[PDB]
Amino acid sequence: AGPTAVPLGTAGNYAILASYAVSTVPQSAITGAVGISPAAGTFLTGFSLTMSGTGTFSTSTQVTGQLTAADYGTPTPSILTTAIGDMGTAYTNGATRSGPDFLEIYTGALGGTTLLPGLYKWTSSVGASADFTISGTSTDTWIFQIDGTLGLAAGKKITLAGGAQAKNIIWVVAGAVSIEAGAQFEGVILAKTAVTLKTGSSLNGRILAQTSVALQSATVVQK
């Protein structure tokens, strides 16, 4: 049940992929790669980077995986060029799906809901002032098309019931994304603009943002 997957291509090789900037207030806890392009590595801030012997990638105690930037040694820039392209294709693939299963459901106020599989369209912002559940099997899919902002209020949680998998939940979001302090998010974010995870928030999925990403001592576990 639910729509055909959004293929991330090589954007699925990153925990975080951004074009303008990635900032962390330590101590963030990122499982997977961090890439920035076309911006340079000086727009990776707060990571206390060490450049590794080849000059092609850097390391941080905040990241289990490699950081890469567009100014790094060959062939890193070509790799990120492809990843940024594949994120653009993924966003458009998700945003342009037609025939939604749910249209303006709950007016985009998702507190206390249980969301079954399908294609969701909101011509609005989406927020949640309370915990909500995504409920489906390990093979079901969700695509959440959001014309405005996406938020999850402080300390609130998305629960996966039934076997539902974060990698099968795509948030395709035109406006800014704000996960508030201590909130627990589930799914891949394909953001057209900025994504911010505030103090002690966590995301099981990926952050694939066409502008900036801001982390405040936040957890990103790639799914």
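A residue's number is simply how far along the shown sequence it sits, counting from 1.
- Between 92-100 and 131-139, it is 92-100 that carries the larger average Cα temperature factor according to the deposited entry.
- Placement of the Cα temperature factor of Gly151 within the chain: middle third of the modelled residues, per the deposited record.
- Annotation for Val213: C-alpha temperature factor in the middle third relative to the rest of the modelled chain, per the entry.
- Per-chain ranking of the deposited C-alpha B factor places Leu49 in the highest third.
- The deposited CA B-factor of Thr64 belongs to the highest third of values across its chain.
- Annotation for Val188: CA B-factor lies in the lowest third of the chain's modelled residues.
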